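First comes one chain, alone, set out as structure tokens in the form deposited in one PDB entry.
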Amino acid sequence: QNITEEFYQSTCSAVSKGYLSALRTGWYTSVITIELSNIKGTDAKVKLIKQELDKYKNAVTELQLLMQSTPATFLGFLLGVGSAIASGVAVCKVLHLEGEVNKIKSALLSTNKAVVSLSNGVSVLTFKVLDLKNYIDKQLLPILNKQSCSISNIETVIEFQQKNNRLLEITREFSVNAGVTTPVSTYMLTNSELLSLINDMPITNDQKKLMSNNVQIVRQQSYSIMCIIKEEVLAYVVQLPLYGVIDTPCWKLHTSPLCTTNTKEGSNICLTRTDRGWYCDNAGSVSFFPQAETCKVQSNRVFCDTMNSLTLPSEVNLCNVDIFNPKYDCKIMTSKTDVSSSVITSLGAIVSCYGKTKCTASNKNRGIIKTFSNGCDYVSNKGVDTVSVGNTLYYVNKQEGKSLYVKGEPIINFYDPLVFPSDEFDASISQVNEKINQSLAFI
């Protein structure tokens, strides 16, 4: 779509818009299974088969030993605390109840894909992705018993190594992740397996299309939870994201310190909007993601997780156009630390240049085209390739889109430095006003 951006000189911040939401709001749990074999002079070929067979037995033993316990795993400090795999773990707990695994084993007898309702009413999609039981009970078992121990060909050795390797790698992953992995690898679930899983999922076509067109994101937002080995069934729960909010407007708020620029060192005061992060319209409110690194952007689609959000009044948006607006108390932090830096935005760069710092913007071939004066300023990515603040070189994002420079008096100029409350972190416009009023009162 049309990604656009606005820089507000008055508050040293910038909003990038035109993004479309894809928010993980829920979890879907599928049960992925591997059917196992329960099995007991040597030539070179049979020796290899027995070595591979040992790797198979060891992997099973290792996974069994692994499940002796229950499976487990600016404004960010305001977030709540969730339990990411509580739902997957609950489904896994149900799989341990007597008869439960047997239901699944029976379901997948004549097909590899099936929906099974568990005893607690939970309806899970089930998937047998590998039948090692059939392979070992055929092909291999006849050669290790009938002509003890050899009627063997090299192609069988190769084939067994190929088939067993998936089990070995899944086991490797679980072994260094304490039975819980994320992102979900293609060993857990191949691309085709995941795609057909998504297709057979109880979701809308919009969700199926969204997930199929972004499987690499789906993998990053999924968990594989090692669950149970019982009755020749190896089962792990794959916990998949449900995107219950799709195609709502999203915008990214970038902020940077705004300081006075007086000559005398240490006489300057600063203010920074702390409400930077991703914002998405969501159900009459606004979902706010303070750790913008928790969201992943694909073109103009932004994938976030509501577990890492606050739910805010939509008036929080007013802080962008009018930070002194009466409907929402815009959040800021204050300080006297006027250090220089830059924030690279979607479509340009914010530059907070203070003191003796050299701040410039350059083009690839031309070199320096703008030298920043002290204060907070901005340049768009059109005709600009890099920005330098001090010894730090920044490459700007080269995505196409228009920027708008909104001129306005830096609001830091509205404050008397003699009564300015610095070192306020979790503050706001009203809180700062409140403290200023008290300092003025005592004077």
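Numbering starts at 1 and runs along the sequence shown. Here the rigid core means the biggest group of C-alpha atoms that line up within 1.5 Å when the two forms are laid on top of each other.
Unshown form deposited in another entry; subsequent notes refer to it.
Quiz item: Core aligned, which of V157, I344, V321, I369 has the Cα that shifts 2 angstroms or more between the shown form and the other one?
Solution: The only residue crossing the 2 Å threshold is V157.
Quiz item: After fitting the rigid core, is the C-alpha of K382 off by 2 Å or more between the shown form and the other one?
Solution: The answer is no; the displacement is under 2 Å.
Self-check item: Rigid-core frame, C-alpha of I49, shift of 2 angstroms or more between the shown form and the other one
Solution: Shift of 2 Å or more: yes.
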